[PDB]
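So this first bit is one chain, no partners, the form deposited without kanamycin A, shown in structure tokens.
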């Protein structure tokens, strides 16, 4: 398990949490020095438990699929909640079985569906450590519309930060003040599967992507990533989705 406490949190303690979260994900192989997530994991070992504490010390436990860093569901006191999708229903066979009741959320966990349920795009939702504190608080008591926005914050401040050093840094900058994600942040989230696949295909292709990946840079400029010498590959991405899952 990994834990993060918002009470007394700062950039250093958040970085320790993102480090812990990366390190809790199993891998047998690095590609271009980036850990390659596993094709699959059988049984309960598929799911990592993240214990998150709001400023007041109230807690939820979030279930994360270690093959893809997808959030499946969470437990808040005696109630479990799971996205409405086959992978989360499967997770519900393994985690939080001691909950007194299980609520299936009225949406799947993908960004498209969550944004529809929240009523706004990611572009308009501030993120940061204060927003994460709020998100944990929101998830403590069921409200499916509020929860969608809380989950958009939670996924970006945990999973997306684990995947990209740039996103981790973006949250550290927002330790005491929320701000909507940069366009670069959104671009990276949307491109993780594609980047992961191209970095793997580059092995066997002399470091060259079979298909270029388009990203937005820090200046708001659209750029083509065509090979493993790019800063995105050498100094940003921290985990690779296995091509067996793409």
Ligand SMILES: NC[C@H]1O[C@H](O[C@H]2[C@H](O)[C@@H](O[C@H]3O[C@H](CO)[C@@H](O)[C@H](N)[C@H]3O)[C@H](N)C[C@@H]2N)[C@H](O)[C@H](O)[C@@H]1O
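Positions refer to the first chain, counted from 1.
As for the form deposited with kanamycin A bound, it is not shown, yet the points below apply to it.
When kanamycin A is superposed onto this form from its pose in the entry with it bound, 3 or more of its atoms lie within 2.4 Å of a backbone or C-beta atom, and the site is blocked. Judged by heavy atoms within 4.5 Å of kanamycin A in the entry with it bound, the contact stretch among the candidates 170 to 178, 106 to 114, 93 to 101, 126 to 134 is 106 to 114. Kanamycin A is not shown here, but in the entry with it bound it comes within 4.5 Å of a heavy atom of residue 70. At the 4.5 Å threshold, heavy atoms of residue 148 stay clear of kanamycin A in the entry with it bound, well away from it. When contacts are judged by a 4.5 Å heavy atom cut-off, residue 159 counts as touching kanamycin A in the entry with it bound. Residue 153 falls outside the set of residues with a heavy atom inside 4.5 Å of kanamycin A in the entry with it bound.
Looking at 1 to 31, no residue comes within 4.5 Å of kanamycin A in the entry with it bound, counting any heavy atom.
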